[PDB]
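Peer 1: Got an experimental structure here, sequence first:
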Amino acid sequence: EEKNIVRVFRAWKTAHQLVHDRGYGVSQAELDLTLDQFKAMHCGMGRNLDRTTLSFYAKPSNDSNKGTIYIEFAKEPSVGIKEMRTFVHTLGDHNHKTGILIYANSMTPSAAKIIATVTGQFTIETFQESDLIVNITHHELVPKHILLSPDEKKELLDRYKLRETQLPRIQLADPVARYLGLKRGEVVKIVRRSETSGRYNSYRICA
DNA sequence: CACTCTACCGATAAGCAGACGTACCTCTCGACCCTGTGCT
């Protein structure tokens, strides 16, 4: 019982960090909470976690072009087509451009088909709770990934006289690509340490 | 308009087979059968 509560708290804080990293607005109070505060703000009198209140949303911080982002934790342990349609409806109602759905156990394939069905209208990204318990970008092995704006990508390609296919590649299913919400064609500048040069800048296109 | 019996395309793995293997060099030694048919 308590284990599920602490797991959902960890996933929820990780989702808040994920939102803040992508460039959306998350108040420092939200980032710097504690387990007890989460219990107070999301658990009932009987301490039973209330999955209705696990959803939140955020606004872009420095790029007003981006739409609002909406994050919801699946009420049912396994997401189905019914809940996928419900989530798409919720996204449409409030005009949320981006939507992240976090489920616990599994998600059906025909439910996944809905993501491609509405890709032209909304961008929907799915996470498993276990994929957000620990923030991977805080790992020592993970170097600093930074999304490049289209102007900076164009600058890089023109400087190296490159084609997008000639850059190193990063998979869309890459954990850090999913953490950063990378779409196909977007380039990430990765800053790394180096035994030889001290610091190194690699560039990977999402593909 | 609550149900529970079959249609579905899905995914699941399942057992399947098929596919691969250091470098360069020196030398020796062994290599079809079976039966028609003209010849004498």
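Peer 2: Perfect, thanks for sending it. Numbering: from 1, shown residues only, chains lettered A, B, ... in the order given.
Peer 1: what domains does the record give for chain A?
Peer 2: A:1-134, A:135-207 (CATH domains of a matching chain).
Peer 1: distance between the longest one and the chain's centre?
Peer 2: If you compare the mean C-alpha spot of domain A:1-134 with that of the full chain, they lie 9 Å apart, counting by C-alpha atoms, centre = their mean, to the nearest Å.
Peer 1: if we look at stretch A:9-27, which residues are touching it?
Peer 2: A:30-31, A:33, A:35, A:38-39, A:54, A:56, A:58-63, A:66, A:69, A:71, A:73, A:100, A:102, A:127, A:129, A:132-135, A:137, A:179-181 (C-beta atoms under 8 Å, 6 or more residues apart in numbering). From N, CA and C alone the C-beta is placed, and that goes for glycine too.
Peer 1: Next: stretch A:39-58.
Peer 2: Residues contacting stretch A:39-58 (C-beta under 8 Å, 6+ apart): A:1, A:4-5, A:8-9, A:12, A:16, A:19, A:24-26, A:68-75, A:94, A:96.
Peer 1: How about stretch A:87-95?
Peer 2: A:57, A:67-68, A:70, A:72, A:96, A:99, A:101, A:114, A:118, A:121-122, A:124.
Peer 1: redo that, cut-off 6 Å
Peer 2: If you take C-beta atoms under 6 Å, 6 or more residues apart in numbering as the criterion, stretch A:87-95 is touched by A:70, A:99, A:101, A:118, A:122.
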